[PDB]
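The lines below spell out each chain.
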Amino acid sequence: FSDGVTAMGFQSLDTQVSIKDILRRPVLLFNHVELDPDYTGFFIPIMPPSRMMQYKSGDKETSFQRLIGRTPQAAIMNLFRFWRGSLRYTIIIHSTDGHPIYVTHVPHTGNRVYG
Amino acid sequence: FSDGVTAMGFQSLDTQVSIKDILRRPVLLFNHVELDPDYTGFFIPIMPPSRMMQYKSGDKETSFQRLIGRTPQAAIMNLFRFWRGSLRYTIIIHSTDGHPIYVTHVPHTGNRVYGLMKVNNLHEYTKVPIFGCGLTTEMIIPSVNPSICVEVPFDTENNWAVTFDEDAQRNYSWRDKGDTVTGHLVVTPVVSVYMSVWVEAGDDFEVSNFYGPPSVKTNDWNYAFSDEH
Amino acid sequence: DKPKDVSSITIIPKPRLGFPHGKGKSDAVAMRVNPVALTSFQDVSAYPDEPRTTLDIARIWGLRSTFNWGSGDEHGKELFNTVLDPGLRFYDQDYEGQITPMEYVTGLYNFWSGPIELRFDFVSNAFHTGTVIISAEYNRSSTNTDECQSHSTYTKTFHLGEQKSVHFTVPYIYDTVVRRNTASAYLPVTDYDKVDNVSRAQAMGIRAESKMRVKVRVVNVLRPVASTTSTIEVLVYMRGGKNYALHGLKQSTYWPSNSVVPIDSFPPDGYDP
Amino acid sequence: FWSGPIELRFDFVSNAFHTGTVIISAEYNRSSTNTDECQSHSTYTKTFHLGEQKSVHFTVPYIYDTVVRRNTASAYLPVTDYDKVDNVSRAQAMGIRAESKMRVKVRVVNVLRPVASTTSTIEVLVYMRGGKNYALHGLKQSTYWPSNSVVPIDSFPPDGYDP
Amino acid sequence: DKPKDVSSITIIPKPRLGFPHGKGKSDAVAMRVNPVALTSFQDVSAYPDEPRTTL
Amino acid sequence: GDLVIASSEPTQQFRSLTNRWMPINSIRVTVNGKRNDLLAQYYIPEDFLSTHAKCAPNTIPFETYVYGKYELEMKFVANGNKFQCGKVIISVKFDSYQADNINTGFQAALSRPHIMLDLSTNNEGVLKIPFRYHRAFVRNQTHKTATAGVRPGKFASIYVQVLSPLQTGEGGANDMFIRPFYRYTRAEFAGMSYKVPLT
Amino acid sequence: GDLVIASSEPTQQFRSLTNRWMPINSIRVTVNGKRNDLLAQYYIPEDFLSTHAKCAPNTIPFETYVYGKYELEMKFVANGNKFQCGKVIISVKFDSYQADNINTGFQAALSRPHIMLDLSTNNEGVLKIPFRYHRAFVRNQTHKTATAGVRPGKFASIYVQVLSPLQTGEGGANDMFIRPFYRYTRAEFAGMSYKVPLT
Amino acid sequence: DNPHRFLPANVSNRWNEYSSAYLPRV
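Residues numbered from 1 in each chain as written, not as in the entry; some residues may be left out. Chains lettered and ligands numbered in written order. Part of a larger assembly, values for the part shown. Heavy atoms only, no water.

*Asks:* Before we go on, may I ask you to explain the sheet that holds strand β7 (residues 123-130) of chain D in this structure?
*Replies:* The pairing of strands in a sheet comes from backbone hydrogen bonds and takes either a parallel or an antiparallel form. Residue and element names in this part refer to chain D. Taken in spatial order, the three strands make up an open sheet running β5-β2-β7, and their pairing is antiparallel. Since the sheet does not close on itself, it has two edges, and those belong to β5 (55-60) and β7, each with one partner. On average, each strand axis in the sheet is tilted by 20° relative to the strand beside it, whichever way the strands run. (Pairing = 2+ DSSP bridges. Helix = DSSP H or I, 4+ residues; strand = E, 2+ residues; numbered from the N terminus. Axes fitted to C-alpha atoms, helices over the stretch in contact; angles between N-to-C directions.)

This is the structure we're talking about:
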């Protein structure tokens, strides 16, 4: 039978088939979480979302977003195990006040924590 | 008799005779409406204003603006049934606070809803937000800039979208029911807060399938004096 | 190295860009992957017969009115008589019908100008015959008994015979370069509220009515054969001229009342039986 | 959204001493009755003669009313913990499952007549992939999601890691 | 690709522009369709006997 | 554009079967008709399948195929004596599904592409009716095993209306008739399948 | 030669509807068969109309037209295991009306154009069957208002016979099947008329 | 209920639209 003509670029010139372009679209990690000044501060592990961050029915309730597993980005990262390069985080404060919030990088030490 | 000379460009060089340029001027959809964080969020159907959104005397009071039918844009959209291309919405928050409001696009699914609504009748949406599912999103911050101008794309299977139907509430075949929209826009708050939504055409927009003027009614004579006392 | 940035400028912050303006520049944010990606019209595009302007909508022929003409109707009798306003059909009563496209789309603009064409088609055979006239009166109306006053104004006589149609151009002569619309630019009264002089006192504008009139009279009476009908009907078509103009977008005069129902959420709202 | 042809490769788990004829049918706009083979013969078919070659390539075409078909499964499902679903919950779905009545059927043309020395009942592998002109559009929430050996993370090593 | 925007400048925010100044530049927003459209004086214009200055 | 992409297989034309003319049942035009009253209305090509012209050779290919594009012409013939007078307008409306109640006026008929028949001169009228539907193809036939989501056989509506009522003389004929014809100018068919009876 | 003269109007082809293959009901080939015994016999194109392949798209044009010329091909498929052996011959006989009883032997099958199927190797066979009838055209359909002087739908007969009986080994399959296919290579149609159900 | 859900049987078809056979709806 005939292979026919493709439909790529018929509707619009917005192609989303690339792997990296899927991975470059942002995902919500933590939704409306508290910061306590009593402690050192909130820790975020530098890793892309995957089946690691996947919520299960009737497990221990973490501070993570539940549908992270069902996001496209985590679905792509469940096909590849290796990754290299920088990552970009977008942080939003729920305040208008003058008191600043310092974001400090930590390089690879060995431990693996969050919260 | 003589055809004479035209008066186009006599007063000023502001010509407003173009169809698209009328459609590109924005229209108020929702005026000072509440956002409830208990629900998933406010839903907006991706469609231009028309006789669908027309208010009637003594019907059920919707959250829509009443004079949408009497706007020029809806009047032009009551001449054409087909339309294709992106649309632009301008959303305004009635707040100064830091708590952001996430606006998330939904492509053509099939359903056709509006207003504040629960998805699948749950009783919790904070742990499982719609804006962190995977869909395309952009956030508003009232403390920086409480307005926004998003451009919803034309992501559907149809060569043209249906503007209007002969009856809005008729329970006909469900697959053809969904051709009134090209999906939805989702507004998700943090706390209970007011907003307003505006609609206008994108740069890439087109209308076709011309029907002409339907049956109308007026009574504007009654609400004005003549110039003879 | 880490040198300082000495460059600076004064800025005025604004909430939106091109919000009033229909064209120019936009502050739009694309909900796409590629921000420069637009909707394609390479395969499916506009049809060439379709109008690009609202004036081209005003160049479509629409039936303004009809009127009957009989053998009993003597010479000098006003067959037709109206105020040719593209704004309103009536100044004195409710309207409810199928308005012409040019009056429909003129109902959107505050200002109009240019000539307005009328095409009179006659619903007859080749055995109806009789002479009628087309009068255009400015600054004054004529008495219905006095045909001679109407003959002085801008007229065009037609001899009914084989050709059962006549084209006519209503000119545009007034004190002003452009005329404004008679109907209001904003009416917030929606639910047919009982209106008094107090409510009329706080109108958004004043109905600047026109005393221009279009009349058609009998020159020579319709003398048909007995074999055919005595009382025929006349179609009065109407559209804007080729130099017709519109300006100043405002709220629509007319609005649909035939088969209008408000929407509801599909399908939570009792759609599933 | 998806579009374009979808290829099927049928591999037959047999020897060179199995033989018999089968057909590949692609039906649009309507299904055929299971008793009536003749209705299926009218549709877009490809007959294969089983012999030495124990495989056949096939291209399922793409003919529908639309240029692109949309996905049947929902674009957003916030129900995670297997909640008991009623018509009220189904009433407030994010989309409607626009199902397809397209069907792929394989029938017996001539019956498998093997030698007695080999097996009578063989097995068929049905492989599948997108065509070379396959297309996708409109990113949404994933339909499928892993359920095999999933455990949530915890802070290493404060959370009882040191024995 | 999605590269970062390294360019930046220091800015001083002001409420209005050319508010004291009779000439120079303006921060005006046209209530028109075409933002560059101005009122025509092609047919009807000033009379030549009329004064341009207060002197 | 949408033809080649939406259909993997190439579409077929049947010029011998399609391009020929075909009459339907007549239209009675009385003096009892008022303005904006329907003489006739048709949902093409369904009313050329089920009701009118069942056993036409034009309706041969519509059994087997399940998709197609349709550009038609429709010649109408009026026949009244010279001692009558009346005006009949016939317009077309593209993708008229759930839009028959509204924009159904003689005004909308004038606005949309139309033909204007006089009943004294006995002129003919030709409606070039192209394919303008909100999909690539229209579904041809309903079926008891098919889905109930898509309404087939309706991509356009014909509207035959009184523009101005028929008038006659003394002791004249109280009515006259109009015979509609039709033919297919571009009929492309996709999705070959087993044949069925037409509705 | 006889085409253009006998038909004032030009004949039409429907290559999309005609040139495609079409199966029919199968043929059981047993070990119980003797020499010169019929597996199958067909009166083309009547047995492709009435009995086998009623609702085929190949049978779409045969409703409306009343005359035609017919050049066919018929591919037969045999499928038996390698521990069997047998010979099946299939021949054609042009204008076989009132000539089915005589020249029906396997000898006549060898003499007439034929195909020779082995049931072990599982070969296929292609019968190029041209149009050789004692008139210009063959009549397509019978009708209750038509004349009873001419017998329609029979310009040739197919004959599927045992050439040598099927033999099998110890505990082998007692039978094997043959599936006949057919298609139209040159199908010209004259005399357009109103459609009818096929027999 | 809502009376606008279904067109009544007299003037409707199986697809719940106005019948093309029915003229006097106008």
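*Asks:* Can you walk me through unusual backbone geometry in this structure?
*Replies:* What you tend to see is this: most non-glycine residues have negative phi, and most peptide bonds are trans. Here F266(C) and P267(C) are connected by a cis peptide whose omega angle stands at -15°. As for its placement among the helices and strands, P267(C) is situated in the segment after β15 (255-256). Between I44(F) and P45(F) the backbone carries a cis peptide bond, its omega angle lying at -10°. One non-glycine residue, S259(C), lies in the positive phi region at around 60°. Within the secondary structure, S259(C) is located in the segment after β15. A relative accessible area of 23% places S259(C) in the partly exposed class. (Buried < 20%, exposed > 50% of the residue type's maximum accessible area, 1.4 Å probe, protein only.)

*Asks:* When you look at the side chain of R64(C) in this model, what are you seeing that I'm missing?
*Replies:* Residues and elements named next belong to chain C. Along the polypeptide, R64 turns up in strand β3 (residues 62-69). Although buried, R64 forms no salt bridge, and the nearest oppositely charged side chain, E103, lies 5.0 Å from it. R64 has contacts with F80, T82, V83, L84, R89, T100, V236, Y237 and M238, leaving out every residue within four places of it along the chain. (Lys, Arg positive; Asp, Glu negative; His and termini not counted. Salt bridge = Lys/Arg side-chain N within 4 Å of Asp/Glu carboxyl O. Contact = heavy atoms within 4.5 Å.)

*Asks:* What is the right way to look at the interface of chain B and chain C in this model?
*Replies:* One widely used convention gives an interface's size as the accessible area the parts lose upon coming together. Listed by partner, the interface residues are 94 residues for chain B and 98 residues for chain C. In total, about 9,500 Å² of surface goes out of reach between chain B and chain C, with carbon and sulfur atoms giving 60% of it. For chain B, the biggest contributors to the area lost against chain C are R70(B), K217(B) and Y223(B); these three give 9% of the whole. Between the two partners, chain B and chain C, sit five salt bridges. The partner of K23(C) in a salt bridge is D21(B), and the shortest N-O contact between them spans 3.2 Å. (Buried area = accessible area lost by both parts, 1.4 Å probe.)

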